[PDB]
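First up is the structure itself, then whatever we jot down about it.
Numbers restart at 1 for each chain; the letters A, B, ... are given by sequence-line order, proteins then strands.
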Amino acid sequence: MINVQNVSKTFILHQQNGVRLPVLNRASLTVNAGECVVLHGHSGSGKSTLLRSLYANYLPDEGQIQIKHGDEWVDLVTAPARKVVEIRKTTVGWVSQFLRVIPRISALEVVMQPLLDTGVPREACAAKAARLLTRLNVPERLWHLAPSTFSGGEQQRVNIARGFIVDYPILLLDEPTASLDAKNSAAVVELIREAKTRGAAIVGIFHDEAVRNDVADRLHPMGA
Amino acid sequence: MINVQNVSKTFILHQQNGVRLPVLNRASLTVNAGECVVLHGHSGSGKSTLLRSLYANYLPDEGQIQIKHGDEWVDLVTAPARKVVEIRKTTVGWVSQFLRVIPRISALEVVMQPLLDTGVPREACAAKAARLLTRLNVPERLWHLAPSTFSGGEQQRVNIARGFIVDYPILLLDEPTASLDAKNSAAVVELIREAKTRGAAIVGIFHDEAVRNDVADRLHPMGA
Amino acid sequence: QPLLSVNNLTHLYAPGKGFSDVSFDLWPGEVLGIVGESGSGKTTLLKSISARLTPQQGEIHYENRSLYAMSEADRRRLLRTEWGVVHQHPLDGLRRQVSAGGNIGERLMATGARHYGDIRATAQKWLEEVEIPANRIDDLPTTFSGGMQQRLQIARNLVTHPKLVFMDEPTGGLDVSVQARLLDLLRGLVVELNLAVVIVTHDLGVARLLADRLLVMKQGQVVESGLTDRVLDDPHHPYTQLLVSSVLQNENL
Amino acid sequence: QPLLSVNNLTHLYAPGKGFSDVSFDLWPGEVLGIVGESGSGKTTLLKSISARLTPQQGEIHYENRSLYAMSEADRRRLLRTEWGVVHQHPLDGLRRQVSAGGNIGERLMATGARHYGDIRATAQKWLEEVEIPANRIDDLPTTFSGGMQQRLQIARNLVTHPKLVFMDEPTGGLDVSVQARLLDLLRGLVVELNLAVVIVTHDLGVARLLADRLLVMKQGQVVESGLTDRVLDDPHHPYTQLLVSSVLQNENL
Ligand SMILES: Nc1ncnc2c1ncn2[C@@H]1O[C@H](COP(=O)(O)OP(=O)(O)OP(=O)(O)O)[C@@H](O)[C@H]1O
Ligand SMILES: Nc1ncnc2c1ncn2[C@@H]1O[C@H](COP(=O)(O)OP(=O)(O)OP(=O)(O)O)[C@@H](O)[C@H]1O
Ligand SMILES: Nc1ncnc2c1ncn2[C@@H]1O[C@H](COP(=O)(O)OP(=O)(O)O)[C@@H](O)[C@H]1O
Ligand SMILES: Nc1ncnc2c1ncn2[C@@H]1O[C@H](COP(=O)(O)OP(=O)(O)O)[C@@H](O)[C@H]1O
Ligand SMILES: [Mg+2]
Ligand SMILES: [Mg+2]
Ligand SMILES: [Mg+2]
Ligand SMILES: [Mg+2]
């Protein structure tokens, strides 16, 4: 469950004469469990800005971003950083194009870590990580190697597997399949479908027409 | 003038069981002054690998890469690093998608620096940098600001201007216009045409059909 | 309730030197990053909150006990058995004339360890944890390189599994590989043992990968604070924008 | 002819501690970065090539004069007027009981400067060059932060416009903004005044932006060398691959 009400965000560039760069204007949005809403617009419209605000990576200047943390409504625009941290731990999951991990950790451990932080037994986490990596057709030979030593597609697939290791009630996606081929994109679409089936409120940004049509349930115009 | 003879390059990934990743196999190529050769192939064929070998950023395992440094033939595969440094200073120029500069230096100084390092008077360097920035339609308000504070397109245009500040006899291009719009891409194509007219041996990698057709004079198949 | 609570803390050597009116909380299993300009008061603040510099104003509460209202004996007991302190200069946190093994084992013996063989084995294991060869155990820190001294100090201050570790630029003098080893070690300790960390760093990559929150300090004042990613990716203060823009960008091949 | 020429240089405290069989050249207007594992012998090598540690084997030639065949007086004259040395620990390169102004002005007076006002003005200008407020000129380095001490040492060793500067991790303790200021300063000095630099660093970004060539050191041996971009982007040695893979990747928004 997501309820975004009147979120506006201007970027102030103090490094260049403090010019204002409005991006979001009284943006509103609502997402139900098991529903997927895809942001639609041109480059620079503010899709990533809104998606990052939903993840609290950006701080909307005005407005409310209410999420269902367990059985409570939490406003990200005003929640203490500690509440946001726990929300990300359990409630809101994020998948994007770049994998930000500690370098010398193996891919399997990288994928397992978000679920281990939740206290799940190590064996279960390893089994689920292996399942996810196999689904995204990541060779087993790469499981016990650091992601930084792989290609871009393999690293992105490891990032996606890490994103799907925890069954987040709320999921945010930013071009997860952009660099993936047909089979990998289909596997990611299947993962998104399964996550939606279990009751995940999904907000995504997709550029491929086929992927959006397969996955998207509602379209949010980002032009205004 | 460029003469690449039998350049093969395998990458050895010691971080993953030391697996070999052949990329270039006895690649051969020749470029004349005033001629532009564009590498053609699919992603992962080895276009960037060959272009970087021509710039000495990669070290071909076997083969020769002879360039006309002044009135001498220099093999990059065996030249001392000092010789390659001076070659880059005067002979071989490089333009790519990423601007690697010291952070807090203004864009104008960033563009001027390669020509200043050649001993050209500061006023002439500033005039030429202003000319290049105006041609690539970079607003004057951004000239005295650090590139890191700009958008991707503006940063790429500043990078291109820095690349064209010195009239390199040999020019290497890696997707210079990928992130640029129609007008900026046309300006870059005009710059490439002017550089070719003055007698520049240009080797480029282009993905846009229109840009390649406008600029390319010969096609080098990278499939084998 | 916060493990550490800092309210209106101030300590100024002079009008601008040090820190003024600093407030923040810390909980278990959390990492407070402190970044900012060299000479902004980060080391001064770290000393003050680690029971090494009496503040002129404000209060520090540890487990709901005022830090500087306690006896000196209680503060030293905390710093011996409960806390860890990693100094900006590694030798300041080491005994110059005591071997690396002794430097590590002092802390263990302070926690009641009284078996020499077990202490030595733990010291060797922690030397291998920070990628210092175990055959350097009996060498003095003066024979260590700067990074080796840094890692010895870290091992000494982590061996007792403290509830709270203050660190001043712990990655100084460390190569990127051993830096990654250290980051993994600290992250694992934080997640598993619920260790809390206050880390001053100038490497924004380490802050991003390790800190849950950040404080940004300029001229002794916290000019920005919040979630690490928000501070680094959506900075509001001009100085934070300048700092993030000064980061050396890397490229992917 | 190379400004500095190092042939088969070796100095080992023990079998593996130090450096062995190191050879390289350096010319004017060039930067030789040195990267590698903490404890690999980088500081030892920097001391040896800077006339501070007599090698067991090999030769160092400066302007075609053997470095350690010269008299001690000649070596000290070089280190006073011709060379600059930036130590890994900044205080090791500073006079603790001498003000920052005096620390900078010692070098100027060593080059024949004998006007107090001009020396003080130059010291203030160089303090502002490294973003140290000019009103700290009369303060002792003990009152400086670690990064402030580092920058004071750099200013002291650059004020005389030396032909050759050895630096051990000069960016240690520096925020990214002042680090960028320092990188620009050094690059400008190198390009304009033809300054030559041998810089040991663990920040591969600084090496990439500054070093014209690189030496990768592991366990006292140069395992890889050549063009900086080639070494970092096309590493051949396994250790260099591991090092580059350990770099903390950043993202562009
Ligand atoms: N952290 C930031 N600081 C400054 N400007 C920003 C920041 N993030 C975004 N912007 C700018 O705000 C506008 C919004 O860009 P944004 O990335 O949201 O667009 P988008 O095309 O929808 O994204 P994406 O392609 O990632 O889906 C653009 O001008 C972008 O340059
Ligand atoms: N430094 C490197 N280390 C390891 N593998 C590399 C390196 N550079 C390239 N490769 C791999 O070698 C092959 C060549 O890729 P390359 O980037 O040359 O292809 P390309 O599609 O022609 O390039 P570009 O899109 O930049 O024009 C790919 O497998 C790439 O992953
Ligand atoms: N003993 C002292 N006497 C006077 N001033 C000091 C002393 N120690 C530190 N300072 C000053 O206080 C300020 C804060 O120093 P510090 O906290 O070490 O900075 P940083 O955040 O870089 O560690 C600095 O400007 C420094 O000059
Ligand atoms: N005085 C000394 N006595 C014995 N060993 C030393 C001494 N100084 C340094 N070493 C050893 O020599 C090696 C090289 O040290 P150093 O050159 O400082 O490493 P780094 O490259 O990290 O600066 C290290 O392993 C260190 O333990
Ligand atoms: Mg975007
Ligand atoms: Mg490529
Ligand atoms: Mg400090
Ligand atoms: Mg050292």
Please check: side-chain N/O of C:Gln149 versus main-chain N/O of C:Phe144, any donor-acceptor pairing under 3.5 Å?
yes
Have a look at D:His11 and tell me which of D:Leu45, D:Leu53, D:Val22, D:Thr54 forms a side chain to side chain contact (heavy atoms under 4.5 Å, CB included) with it.
D:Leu53
Hey, is the main chain of C:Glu37 close enough, under 3.5 Å, to the side chain of C:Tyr239 for a donor-acceptor pair?
yes
Side chain proximity check, D:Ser225 to D:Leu215, heavy atoms < 4.5 angstrom:
yes
Does atom CZ of C:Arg76 have more than 12 heavy-atom neighbours from other groups under 6.0 Å away?
no
Main-chain N/O of D:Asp74 paired with D:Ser71 side-chain donor or acceptor, under 3.5 Å
yes
Might you confirm whether atom NZ of D:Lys47 has over 12 heavy atoms from other residues, nucleotides or ligands at distances under 6.0 Å?
no
Side chain proximity check, D:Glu82 to D:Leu164, heavy atoms < 4.5 angstrom
no
Stepwise, does the side-chain contact (heavy atoms from CB on, under 4.5 Å) test hold for C:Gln179 with D:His202?
CA-CA 10 Å; C:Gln179 176 180 260; D:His202 287 308; over 6 Å; no
So that I can tick it off, tell me whether D:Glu72 and D:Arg75 are bridged by a salt bridge, with the cut-off set at under 4.0 angstrom between side-chain N and carboxylate O.
yes
Residues C:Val178, C:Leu182; criterion side-chain contact (heavy atoms from CB on, under 4.5 Å); working and verdict
CA-CA 6 Å; C:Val178 82; C:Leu182 170 64; 6.0 Å; no
Does D:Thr111 offer a backbone N or O that forms a donor-acceptor pair with the side chain of D:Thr81 under 3.5 Å?
no
Here's a test for you: under side chain to side chain contact (heavy atoms under 4.5 Å, CB included), which of D:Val247, D:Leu242, D:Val244, D:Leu248 qualifies with A:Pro103?
D:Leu248
On a heavy-atom basis, which atom in D:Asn8 and which in D:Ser23 lie closest, and how many Å separate them?
N-OG, 2.7 Å
Note: D:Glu129-D:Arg181 ion pair, threshold 4.0 Å (strictly below)
yes
Would you say the side-chain atoms of C:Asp168 pair up with the backbone N or O of C:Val200, donor to acceptor, closer than 3.5 Å?
no
Between D:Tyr68 and D:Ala51, which heavy-atom pair has the shortest distance, and what is it?
OH-CA, 3.2 Å
CG of D:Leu185 to CD1 of D:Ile154, rounded to nearest 0.5 Å, is 8.5 Å
Taking only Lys NZ, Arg NE, NH1 and NH2, and the carboxylate oxygens of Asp or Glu, determine whether D:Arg187 and D:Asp184 approach each other closer than 4.0 Å.
no
Answer whether the closest heavy-atom distance between the side chains of C:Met148 and C:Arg136 falls below 4.5 Å.
yes
Is it the case that the side chain of C:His87 and the backbone of C:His89 share a donor-acceptor pair, with hydrogens and angles ignored and the cut-off at 3.5 Å?
no
Non-hydrogen atoms of D:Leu189 and D:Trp126 that approach each other most closely
CD1-CH2, 4.2 Å
Are a donor atom and an acceptor atom from the side chains of D:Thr10 and D:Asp21 found within less than 3.5 Å of each other?
no
Euclidean distance, D:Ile49 CD1 relative to D:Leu32 CG, rounded to 0.5 Å
7.5 Å
For the residue pair C:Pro141 and C:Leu94, what are the closest heavy atoms and their distance?
CB-CD1, 3.9 Å
Considering only heavy atoms from C-beta outward, does the side chain of C:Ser145 approach that of D:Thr43 to under 4.5 Å?
no
Mark yes when over 12 heavy atoms from residues, nucleotides or ligands other than C:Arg52 sit less than 6.0 Å from its CZ; otherwise mark no.
yes
Please check this pair: side chain of D:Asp25 against backbone of D:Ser5, looking for a donor-acceptor N/O pair closer than 3.5 Å.
no
Could you give the distance from CD1 (D:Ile60) to OH (D:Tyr62), rounded to the nearest 0.5 Å?
13.5 Å
Please check this pair: side chain of D:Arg107 against backbone of D:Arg80, looking for a donor-acceptor N/O pair closer than 3.5 Å.
yes
Is D:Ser99 reaching over with its side chain to a backbone N or O of D:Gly102, donor-acceptor style, under 3.5 angstrom?
yes
Run C:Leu158 and C:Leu186 through side-chain contact (heavy atoms from CB on, under 4.5 Å) and show every step you take.
CA-CA 9 Å; C:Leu158 293 181; C:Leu186 282 176; 3.8 Å; yes
To the nearest 0.5 Å, how far apart are CD in D:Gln150 and CD in D:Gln88?
9.5 Å
Shortest non-hydrogen contact between D:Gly188 and D:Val191, atoms and distance:
O-CG2, 3.2 Å
Using side-chain heavy atoms (C-beta onward) and a distance below 4.5 Å, is C:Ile199 in contact with C:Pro170?
yes
Would you mind reporting whether D:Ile104 and D:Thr122 have side-chain heavy atoms less than 4.5 Å apart?
no
Separation between CZ (D:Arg65) and CG (D:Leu78), nearest 0.5 Å, reads 5.5 Å
Give me the atom names and distance for the closest heavy-atom approach of D:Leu195 to D:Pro162.
CD1-O, 3.1 Å
In plain terms, say whether D:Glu131 and D:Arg151 are close enough for a salt bridge, that is, a side-chain N and a carboxylate O under 4.0 Å apart.
no
Interatomic distance, C:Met167 atom CE to C:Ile34 atom CD1 [nearest 0.5 angstrom]
12.5 Å
Any luck finding a side-chain donor-acceptor pair between D:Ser177 and B:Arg104 under 3.5 Å?
yes
Taking it one step at a time, do C:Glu169 and C:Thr201 satisfy side-chain contact (heavy atoms from CB on, under 4.5 Å)?
CA-CA 5 Å; C:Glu169 303 176 16; C:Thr201 186; 5.7 Å; no
Backbone of D:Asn103 reached by a side-chain donor or acceptor of D:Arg156 within 3.5 Å:
yes
